[PDB]
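In: structure here, sequence nowhere to be found:
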Ligand SMILES: *[C@@H]1O[C@H](CO)[C@@H](O[C@@H]2O[C@H](CO)[C@@H](O[C@@H]3O[C@H](CO[C@H]4O[C@H](CO)[C@@H](O)[C@H](O)[C@@H]4O)[C@@H](O)[C@H](O[C@H]4O[C@H](CO)[C@@H](O)[C@H](O)[C@@H]4O)[C@@H]3O)[C@H](O)[C@H]2NC(C)=O)[C@H](O)[C@H]1NC(C)=O
Ligand SMILES: *[C@@H]1O[C@H](CO)[C@@H](O[C@@H]2O[C@H](CO)[C@@H](O[C@@H]3O[C@H](CO[C@H]4O[C@H](CO)[C@@H](O)[C@H](O)[C@@H]4O)[C@@H](O)[C@H](O[C@H]4O[C@H](CO)[C@@H](O)[C@H](O)[C@@H]4O)[C@@H]3O)[C@H](O)[C@H]2NC(C)=O)[C@H](O)[C@H]1NC(C)=O
Ligand SMILES: *[C@@H]1O[C@H](CO)[C@@H](O[C@@H]2O[C@H](CO)[C@@H](O[C@@H]3O[C@H](CO)[C@@H](O)[C@H](O[C@H]4O[C@H](CO)[C@@H](O)[C@H](O)[C@@H]4O)[C@@H]3O)[C@H](O)[C@H]2NC(C)=O)[C@H](O)[C@H]1NC(C)=O
Ligand SMILES: *[C@@H]1O[C@H](CO)[C@@H](O[C@@H]2O[C@H](CO)[C@@H](O[C@@H]3O[C@H](CO)[C@@H](O)[C@H](O)[C@@H]3O)[C@H](O)[C@H]2NC(C)=O)[C@H](O)[C@H]1NC(C)=O
Ligand SMILES: *[C@@H]1O[C@H](CO)[C@@H](O[C@@H]2O[C@H](CO)[C@@H](O[C@@H]3O[C@H](CO)[C@@H](O)[C@H](O)[C@@H]3O)[C@H](O)[C@H]2NC(C)=O)[C@H](O)[C@H]1NC(C)=O
Ligand SMILES: *[C@@H]1O[C@H](CO)[C@@H](O[C@@H]2O[C@H](CO)[C@@H](O[C@@H]3O[C@H](CO)[C@@H](O)[C@H](O)[C@@H]3O)[C@H](O)[C@H]2NC(C)=O)[C@H](O)[C@H]1NC(C)=O
Ligand SMILES: *[C@@H]1O[C@H](CO)[C@@H](O[C@@H]2O[C@H](CO)[C@@H](O)[C@H](O)[C@H]2NC(C)=O)[C@H](O)[C@H]1NC(C)=O
Ligand SMILES: *[C@@H]1O[C@H](CO)[C@@H](O[C@@H]2O[C@H](CO)[C@@H](O)[C@H](O)[C@H]2NC(C)=O)[C@H](O)[C@H]1NC(C)=O
Ligand SMILES: *[C@@H]1O[C@H](CO)[C@@H](O[C@@H]2O[C@H](CO)[C@@H](O)[C@H](O)[C@H]2NC(C)=O)[C@H](O)[C@H]1NC(C)=O
Ligand SMILES: *[C@@H]1O[C@H](CO)[C@@H](O[C@@H]2O[C@H](CO)[C@@H](O)[C@H](O)[C@H]2NC(C)=O)[C@H](O)[C@H]1NC(C)=O
Ligand SMILES: *[C@@H]1O[C@H](CO)[C@@H](O[C@@H]2O[C@H](CO)[C@@H](O)[C@H](O)[C@H]2NC(C)=O)[C@H](O)[C@H]1NC(C)=O
Ligand SMILES: *[C@@H]1O[C@H](CO)[C@@H](O[C@@H]2O[C@H](CO)[C@@H](O)[C@H](O)[C@H]2NC(C)=O)[C@H](O)[C@H]1NC(C)=O
Ligand SMILES: *[C@@H]1O[C@H](CO)[C@@H](O[C@@H]2O[C@H](CO)[C@@H](O)[C@H](O)[C@H]2NC(C)=O)[C@H](O)[C@H]1NC(C)=O
Ligand SMILES: *[C@@H]1O[C@H](CO)[C@@H](O[C@@H]2O[C@H](CO)[C@@H](O)[C@H](O)[C@H]2NC(C)=O)[C@H](O)[C@H]1NC(C)=O
Ligand SMILES: *[C@@H]1O[C@H](CO)[C@@H](O)[C@H](O)[C@H]1NC(C)=O
Ligand SMILES: *[C@@H]1O[C@H](CO)[C@@H](O)[C@H](O)[C@H]1NC(C)=O
Ligand SMILES: *[C@@H]1O[C@H](CO)[C@@H](O)[C@H](O)[C@H]1NC(C)=O
Ligand SMILES: *[C@@H]1O[C@H](CO)[C@@H](O)[C@H](O)[C@H]1NC(C)=O
Ligand SMILES: *[C@@H]1O[C@H](CO)[C@@H](O)[C@H](O)[C@H]1NC(C)=O
C-alpha cells in the first residue's frame, strides 16, 4: 500500500548514511530535541539543562540569517584551508560523523565569520531601505 | 472620545465569539502566555513548566513555515474527510471551542502533514537557488 | 422509599442457553447493581452502574437498560450460574430470582 | 474556490480541562506582621491589586465540584504546611512521666465531675543531674489512669510522643488567594442559581481566586462565602446516604463562643533552652466554656433550610433533626479553633426539632482538649499551649454539613443529622465556583489562501 | 564471555558472565518468632 | 581564568556604597552557610 | 517473528447486519510521525488483493462508510457496517510499521 | 488483595446483645467505609448502617435505631498501618432476628458508589 515503515526511519535513523540522504530527513532529529524531594531536583536540573542548551543552539542559529529555516545558504566563501575536499564527494562519499572529525578545528572561525557576514548584510539592507 | 473600553477586550475575551471576530485580536491571548524552602520548589516547577510548554508550541510552529508570523497560509489541501463543513459557515457560524471538538481526532495527521510539506518546500527552495 | 421488583421468580433453563432477568424500580434515573449468591456461599458482585463488570467476571455477563427497567442477560449458561440473583439500589434489595436446571 | 488550505493560528482562545500545581497569593496588607506570626506570610507570593475578573459572553461551561480537583490539592498542602510550623517547635518527649494528680481545689459535688486535674510530677531541669518537682494543670481529656493511690499519665504517651506549638505562631485564618500559573486560567461561575454539577451559562475568567479562609470546623462551617439569593443545598445523588448535603445559607448566624477561666500561664524549663508552657493557677471561678446563638435568629434560619429541603423531597414531608448518633469526640461535636485554644462544643440544643408542612440564647456546653490529632495521622499530635486571660471570639455560622438517615421503611420523616467527617467538605464550600483550565493555543482552520513562492 | 582490563594484570577482576543459569536454593530453617519491645513513645524495637 | 575587566570610555555612573545591596546579601548567606557547617557536627547537650 | 492472528475463521453474514473482523499484532503499531500503520485488504478468489483501509479511522479516496477502522495498540478491528453482494471475499490484516511485512491468515466471508 | 475476616457463630438468648468483629486487612483502613448487611431468610437482604472509620462517623437504618452501635479501632503504630477492626453491638435481640450478618466494603473503583460493595466478609450466622 501507500505508507510503509521501511523508508520512514526514526530518531538518529540515517546516522551512518551519506549526507545526501541524511539531509533528506532532518526534522526527525529536530523535533525530538526538547520534549523527548531530592530526585525531583534531579528532574529540575535535567529539564532546565535541556531547555537551556536548546535555546543556545536557537540563538547561534538566530543571529545568523537563519531564524527557523533549518537549511539556509549564506554569503561567506569556503576557504579551502578548512577542508580542501572536493564538492562532488562530500554529499555521497562521506558521512556526517566522519565530517564532524574533519572540521572540528575550524569551527569558532566559521561561527565568528557568520555573525559578521550577517550584521554587515543587516545594516546594508537598512541603507538600501533608508535612501528610498 | 477615541479609545474606549468596549471593543478593547481582555484575556480570553472573545472566547464565545465567532472565528471571524476571534481572529481579529489574537495577540491578547498570545502575550499573556509566558509572563502572566519547599514552596519555592512549587514556584520552580510552576515556572519551568510554563517556559517549557511555551517553547514546545514555538517549536511545532517553528518547523512549519511560520517562524513568528502568527497567521500564515500553507500548501496542504483541505481533505473533506477531516471536517466536511462549508467554508462560508465556519468563520461566522461556529465558535472556536465548538471547532476544537469537531477536529480533535484529525490533529497529529495535520501536524504530520505540515512538517513534510515544509521540508519538501525547504530543499526545493535550495535546488532553485543552487542551479542559479 | 425505593422499592425493587424482580420479575421472573423461578426461571428454569438448561445449560448452554441464554437467560434474561428483568428488575423494575420505582424511581428513574439511578444506577443498578446485580449480586449473585450461590447455595451456601458468600455473595459476589457482578454489575455496577448498570453496565460495568466486577473484578474477575466473564464477558458473558452483561446488563443494560435505563430509566425504570434494568435487564441482566446471561449468555451461554454454565452449570455454576444457577444461583439467586439480587438487585440493589442505594440500600434496597430485590427479593431475588432463582435459576434452576430443567 | 474549493481548493481550501490549512492556515494555523497561534494564540487562539480554546481550553481543555487539566490540573497543575497552584500557588498562594497572600494579601499584601498582612505583610506588616513580622516573620511568620501565622504560617505562609513570607513563604509565598505577594498578591496583585484589582484582579481582572472579565466576563465571557455567550459561553457555557460544564462545571463540577465533587470530582473537582484543587480541593484535593488544598487538603494536601495545608496538611504539609501544618507540618512546616511544627519542625521548629520543641519536641515534648521528657514530659512522659508518671504523674500524680488530685482534684483541683473546687467545690466537688457528686453530680459534677472534675474537669481539671492537678498533676504534680517530676521533670529534669536545665542541669542534667538535678530534677525539680513541678506542678501543672491538665484537662480530664488528656490524662488516663495507670492501673491506695491514684497516678496518671499523658494520653498520647502511648504510641506517639509529640511536639508543642510555639506561641509565636498563631492559628488564626488569613485569606489565601489561589492563583493559576502562566498558561492556565481559572474559570469562575457567576450563576446565582448553581448546584453541584451542570452547565453554568455565565462564567468569568480570573487569575487569582477570592480570599479563602482556611478554617477547621467539622459541623457548622464558619466565617466564609455566603450565598447570593436563596439558601442553596447541594450534594451528589441526593437519594444516597453516604454523601453529605452541604447546606450553605444566605444570612449569617452570629456565634459568641467564649471560655471564662482566667488560666494564668507559667513556664517550666525542660532543659537547655527548651521551655514548656503549662497552665498554673486559675484565678476566679471554674466555669464551663460555652457558645451562644440567638434563638430568634437560628430558628428563623432553620425555617429557611426546611423550605429548600422540601424541594428535593416533595411537600408534606415531616422533616426533623437529630444530634449525630455516634462517633469520635471530633465529629459528634462542633470542633473548632478560637484564639489559639481548641473548643469541642455540643450541638444538641441546636439540631433538635420537627417540622410539619403547615430574644433568648441557646447555650452550648463546650469542653476543651489540649492535645490535638487533626487529620488522624499515625504518629503525630500537637500539644497546644495555654493562653492568658479570658478567651472570646465572634464568628458567623455560614453553612451546615448535614447527612440524611438511611431508612428502609415506608415512613414519611427524614431525620437529618449533622456530621463533619472529612475535612475536605469545608473547602468544597469555597472552591465550587472555580475550575482550572489549560489554555491550548495553536489551532487550525481552513481558508482560501496559499503560501506563494 | 570473560572480560577484564589488562588480563596480565593482577588487581583488575575478571568478570565472568556465563550463558546458562545455575539455580541456587538458599534458606534459613529457624522459625524465629518476633516480638516488639517498646523503647519509648511510639518507637518500637523488633527483637527476635 | 582571566576575567574580562574591560574599560568603558566616556562613561560616568552614580555609585553608592551605603544604600548598596550585595553587602546585605553577603551578610545573609554567610550567616546561612555558617549554619550549614554546624548541622553535621555533634550536639553538645549532655555536657550541661 | 510477529504474529498476525485473525478472528474468526469464517463468517456467514446477513446483508445489513454489522459485521466485524478482528486482527491482533504482537505489539503496538503507533509510530512517532502520527500515523497508525495497520492496514486492511480485500481479495476475491482468483483476483489480486486491493487496499481498503489505510491509516485507520480514516476512509480512503474511493471506499464508502461500509468499512471502518478502529481499535488501539495490539488490538485492531475491521468493521463491515452494511453488507452487499460484493462484500464476499477474503480479508487480510497487515502491518506496515516494521520490516518485514506480515499478513493475516485470511478471513473468508460467504453468502447464505 | 482485600480480606475481611469476621467472628464465629454464637447462640444468644432473647434480651442479650451480640458483638460481631470484622477485622480488615490488606488496604489502608483510614479511607474506605465499612457497611453491615443482615441477610434474613424469607426477607432477602437488609441494610443496617455504615461506619466511616477515619473518625468513626456512623449512620444507622431508620427501623434499627436505638438497637445498633458500631465502633472501630484503628492501628496506632507505623510498623503496620493497614490493618484495623470494625465492630457492631446489636442490642435487644428477638427470635425474629436470627439471620446472617455480613460486613462489606466498597470497591476501589472511582466510577463507583459507596454501595456497590466489592469485598465481603465470610458471614456470621446468629441464632437466638
Ligand atoms: C450534649 O447535650 C445534651 C443536652 O443537654 C446532653 O444530653 C443530656 O445528658 C444528660 C446526662 O446524661 C441528661 O441528664 C439526665 O437526665 C435523666 C432524665 O431526666 C428526667 O428524669 C429525671 C428523673 O429520672 C427528672 O428529675 C428530670 O427532670 C427529667 O424529667 C436523669 O434521669 C439523669 O439524672 C440521673 O443521673 C444523675 C447522674 O447520675 C443523677 O445526679 C440523678 O440524680 C439521676 O440519678 C440526668 O439528669 C439529659 O437528660 C440529657 N438531655 C436530653 C436527653 O435532652 C448530652 O449528654 C450532651 N453530650 C454529651 C456527649 O454529653
Ligand atoms: C450520581 O449522580 C452523578 C451525577 O449527578 C452520576 O454520575 C454520572 O453517571 C453517568 C452514568 O453512570 C455518567 O455517564 C457516563 O459517562 C461516561 C463517561 O462519559 C464522559 O464523556 C462524555 C462525552 O464527553 C460526557 O458527556 C460525560 O459527561 C462524561 O464526562 C460514559 O462512558 C458512560 O457511557 C457508558 O455507560 C452508558 C450507560 O451504562 C452506556 O449507554 C454507554 O454505551 C457506555 O457504556 C456514561 O455516559 C456520568 O459521566 C456521571 N457523571 C456526571 C458528572 O454526570 C452518578 O452515576 C450517580 N450515582 C448514583 C449511584 O446514582
Ligand atoms: C472568624 O473571624 C473573626 C474575625 O473577626 C475571628 O475573630 C477574631 O479573631 C482574632 C484572632 O483569631 C482576634 O484577634 C485577637 O484579638 C485580641 C484582642 O484584641 C488580641 O489580644 C489578640 O492578640 C493576641 O495574639 C498576639 C499574637 O499571638 C499576642 O501577641 C497578643 O498578646 C494576644 O495574645 C488577637 O489580635 C479577634 O479578637 C477576634 N474577634 C474580632 C471581633 O475580630 C474569629 O476567630 C474567626 N473564627 C474562626 C473559627 O476562625
Ligand atoms: C495543685 O496542687 C498543688 C499541690 O498542693 C497546689 O499548690 C500548693 O497549694 C498550697 C495551698 O494553696 C500552697 O500552700 C500554701 O503556701 C503558702 C505560701 O507558701 C502558705 O502561706 C500557706 O500556708 C500554704 O502552705 C502551696 O504553696 C502550693 N504550691 C506547692 C508547690 O505546694 C496547687 O494550688 C493546686 N492547683 C491549683 C490550681 O490550685
Ligand atoms: C444525642 O441526644 C441523646 C438524647 O436523646 C443523648 O443520649 C443521652 O446520652 C447521655 C450520655 O451519652 C446518657 O446519659 C448517660 O447514659 C449512660 C448509659 O448510656 C449512663 O451510664 C449514665 O449514667 C448517663 O445516664 C443519656 O442516658 C442518653 N439519653 C438517651 C435518651 O439516650 C446522646 O448522648 C446525644 N448524642 C451526643 C453525641 O451528644
Ligand atoms: C429537644 O426537643 C425536645 C422537644 O421540644 C425537648 O424536650 C422538651 O424539653 C422541655 C424543656 O426541658 C420540657 O419541658 C418541661 O417543662 C416543665 C416546666 O418548665 C419542667 O418541669 C420539665 O422538667 C421540662 O423541663 C419538655 O417536657 C420536653 N419534652 C419531651 C417530650 O421530652 C428537649 O428539651 C430538646 N433538647 C434540648 C437539649 O433542649
Ligand atoms: C519525684 O521524685 C521524688 C524523689 O525521688 C520521689 O520521691 C520518692 O519516691 C520513691 C518512690 O515512690 C519513694 O520510695 C520515696 O520515699 C520518695 N521520697 C520522697 C522524699 O518523697 C517522688 O515519688 C517522685 N514523684 C512525684 C510525683 O513526686
Ligand atoms: C495505648 O494506651 C491507651 C491509653 O490507655 C490505650 O487505650 C485504652 O486501652 C484500654 C485497654 O485495656 C481500653 O480498655 C480503653 O478503652 C482504651 N482507651 C480508649 C480511649 O480507647 C490503648 O489501648 C494503648 N494501645 C494502643 C495500641 O493504642
Ligand atoms: C443539579 O442540577 C442539574 C441541572 O439542573 C441536575 O441535572 C438534572 O436534574 C434533573 C432533575 O430531576 C434530572 O432529571 C436529570 O437527569 C439531571 N441530569 C441531566 C443531565 O439533565 C442535577 O440533578 C442537580 N443535582 C442535584 C443534586 O440537585
Ligand atoms: C485575669 O487575671 C489577671 C491576673 O490577676 C488579671 O490581670 C490583672 O489586672 C489588674 C487590673 O485589671 C492588674 O492590676 C494586675 O497587675 C493584673 N495582673 C497580671 C498578672 O497581669 C486580669 O484582669 C484577669 N482578667 C480579667 C478579665 O479580669
Ligand atoms: C454576641 O456578642 C456581641 C458582642 O459581644 C453582641 O453584639 C452586641 O449586641 C448588643 C445587643 O443588641 C448591642 O447593643 C451591641 O452594640 C452589639 N455589639 C457589637 C459589637 O455588635 C451580639 O448581640 C451577641 N450575639 C448573641 C447571639 O449573643
Ligand atoms: C459576619 O457577618 C457580618 C454581617 O453580614 C459581616 O459584616 C459585613 O462585612 C462586609 C465585608 O466588607 C461588609 O461589606 C458588610 O457591610 C458587613 N455587614 C454588616 C451588617 O456589618 C462580617 O464581615 C461577617 N464576618 C465576620 C468574620 O464577622
Ligand atoms: C578486547 O577486544 C579487543 C579487540 O579484539 C582487543 O584489542 C586488541 O587485542 C589484540 C589481541 O592480542 C591486541 O594485540 C591489540 O593490541 C588490541 N588492541 C587493538 C587496538 O587492536 C582487546 O585486547 C580485548 N581485551 C581483552 C581484555 O581481551
Ligand atoms: C513457625 O511457627 C509458627 C508459630 O507456631 C507456626 O504458625 C502456626 O501454624 C499453626 C498451623 O500451621 C497455627 O495453628 C498456629 O496458630 C500458628 N501460630 C502462629 C503464631 O501463627 C508456623 O506454622 C511455623 N512454620 C512452619 C513452616 O511450620
Ligand atoms: C586539529 O589541530 C591539531 C593540532 O592543533 C592537529 O593535530 C589535528 O590534526 C587537527 N585536525 C585536523 C582534522 O587536521
Ligand atoms: C473521533 O473518533 C471516535 C472513535 O475513534 C468517534 O467516536 C468520534 O465520533 C470521532 N470524533 C468526531 C468529531 O467524529
Ligand atoms: C476527685 O475526683 C474523683 C474523680 O472520680 C471523684 O470521684 C472525687 O469525688 C473527687 N473528689 C475527691 C475529694 O476525691
Ligand atoms: C421557628 O420559626 C417558625 C417560622 O414561622 C415559627 O413558626 C416557629 O414558631 C419558630 N419556633 C419554634 C419552632 O420553636
Ligand atoms: C410543593 O409546594 C410548592 C409551594 O411553593 C409548589 O410550588 C410545588 O409545586 C409543590 N410540589 C408539588 C410536587 O406539587
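Out: Good, I have the coordinates. Numbers count the residues shown, from 1 in each chain, chains lettered A, B, ... in the order given. Ligands and ions are numbered 1, 2, ... in the order given.

In: who are the contact partners of residue 13?
Out: Defaulting to chain A. Residue A:13 sits next to A:25, A:28 when contact means CB atoms under 8 Å, 6 or more residues apart in numbering or on different chains. (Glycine included, C-beta is placed from N, CA and C.)

In: please go with chain H instead
Out: H:93, H:128.

In: distance check, it against ligand 1.
Out: 28 Å (CB to the nearest ligand atom, to the nearest Å).

In: that residue: which element?
Out: Assigned by DSSP states H and E, residue H:13 falls within no helix or strand.

In: now do residue 70: how many residues are near it, please.
Out: Here I'm looking at chain A. Using other CB atoms under 10 Å in any protein chain shown, residue A:70 has 16 neighbouring residues.

In: switch to chain G, please.
Out: Residue G:70 has 12 nearby residues by other CB under 10 Å.

In: please name the bridge partners of it.
Out: Counting by DSSP bridges, residue G:70 is bridged to residue G:77.

In: can you tell me how far it is from ligand 12?
Out: Relative to ligand 12, and taking CB to the nearest ligand atom, residue G:70 is found at 57 Å.

In: ok, now residue D:248?
Out: 14 Å.

In: list the contacts for that residue?
Out: D:221, D:225, D:226, D:227, D:231, D:232, D:233, D:234, D:398, D:399, D:429.

In: now the residues you listed in a markdown table, with secondary structure and neighbour count?
Out: Below are those laid out as a markdown table (DSSP: H, G, I helix; E, B strand; the rest coil; neighbours: other CB atoms under 10 Å in any protein chain shown):
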| residue | secondary structure | neighbour count |
| --- | --- | --- |
| D:221 | strand | 26 |
| D:225 | coil | 17 |
| D:226 | coil | 12 |
| D:227 | coil | 17 |
| D:231 | coil | 19 |
| D:232 | strand | 21 |
| D:233 | coil | 21 |
| D:234 | coil | 19 |
| D:398 | strand | 23 |
| D:399 | strand | 26 |
| D:429 | coil | 21 |
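
In: now, the most widely separated pair of those residues?
Out: Distance extremes for the contacts of residue D:248: the farthest pair is D:225 and D:233 at 15.2 Å, using CB to CB.

In: can you tell me the SS state at residue D:185?
Out: strand (DSSP: H, G, I helix; E, B strand; the rest coil).

In: correct me if wrong: it contacts residue D:208.
Out: No - between residue D:185 and residue D:208 there is no contact under CB atoms under 8 Å: 11.1 Å.

In: nearest to ligand 6: which residue in chain H?
Out: residue H:66 (15.6 Å; CB to the nearest ligand atom).

In: same thing with chain C?
Out: Closest point on chain C to ligand 6, by CB to the nearest ligand atom, is residue C:1, at 26.2 Å.

In: can you check chain A too?
Out: For chain A, CB to the nearest ligand atom, closest residue to ligand 6: residue A:37, 50.6 Å.

In: excluding its backbone neighbours, what's nearest residue C:92?
Out: Closest residue in space to residue C:92, ignoring its immediate chain neighbours: residue C:2 at 5.0 Å, by CB to CB, 6 or more residues apart in numbering or on different chains.

In: checking the one you found next. Helix, strand or coil?
Out: Quick answer, by three-state DSSP: residue C:2 is coil.

In: check whether stretch C:55-69 comes near chain H.
Out: Yes - Stretch C:55-69 is in contact with chain H by CB under 8 Å from any CB of the partner chain, via residue C:55.

In: from ligand 3, how far off is residue D:143?
Out: From residue D:143 over to ligand 3 (counting by CB to the nearest ligand atom), the distance is 27 Å.

In: what does the stretch 301-450 of chain D put close to chain B?
Out: D:439, D:440, D:441, D:442, D:443, D:444, D:445, D:446, D:447, D:448, D:449, D:450.

In: repeat that for 7 Å
Out: Residues of the stretch 301-450 of chain D found near chain B (CB under 7 Å from any CB of the partner chain) are D:439, D:441, D:442, D:443, D:444, D:445, D:446, D:448, D:449, D:450.

In: quick one: residue D:191 is in a helix?
Out: No - counting by three-state DSSP, residue D:191 is located in no helix; its state is coil.

In: tell me if I'm right that it and residue D:200 touch.
Out: Yes - with contacts counted by CB atoms under 7 Å, residue D:191 reaches residue D:200, the gap being 4.9 Å.

In: ok, these two, which is more surrounded?
Out: Between residue D:191 and residue D:200, counting by other CB under 10 Å, residue D:200 is the more crowded of the two (20 against 15).

In: surely the more buried one touches residue D:61?
Out: Yes - the pair residue D:200 and residue D:61 qualifies as a contact (CB under 7 Å) at a distance of 5.9 Å.

In: now check stretch A:66-86, is it near chain D?
Out: No - in terms of CB under 7 Å from any CB, no part of stretch A:66-86 sits within range of chain D; the closest distance is 13.3 Å.

In: buried residues in that stretch?
Out: By 16 or more other CB atoms under 10 Å in any protein chain shown, the buried positions in stretch A:66-86 come out as A:66, A:68, A:69, A:70.

In: ok, back up a step: looking at the residues of the stretch 301-450 of chain D next to chain B, spot the one nearest residue D:265.
Out: residue D:439 (53.5 Å).

In: burial count for that closest one?
Out: 22.

In: for residue B:32, see how far away it is.
Out: 9 Å (CB to CB, to the nearest Å).

In: could you do residue D:87 as well?
Out: In terms of CB to CB, residue D:87 sits 38 Å off from residue B:32.

In: which one's more surrounded, the two?
Out: Legend: neighbour count by other CB under 10 Å for residue D:87 and residue B:32, higher for residue B:32 (19 against 8).

In: leaving out chain neighbours, which residue sits closest to that one?
Out: Residue B:32 sits nearest to residue B:11 (CB to CB, 6+ apart), 5.1 Å away.

In: where does that neighbour fall, helix, sheet strand or coil?
Out: Going by three-state DSSP: residue B:11 is coil.

In: isn't it right next to residue D:205, touching?
Out: Yes - using CB under 7 Å, residue B:11 is in contact with residue D:205, at 6.4 Å.

In: sec struct for the residue lying closest to residue H:76 once chain neighbours are set aside, please.
Out: The shortest distance from residue H:76 to any non-neighbouring residue, by CB to CB, 6+ apart, is to residue D:159 (4.7 Å). Secondary structure, three-state DSSP: residue D:159 is coil.
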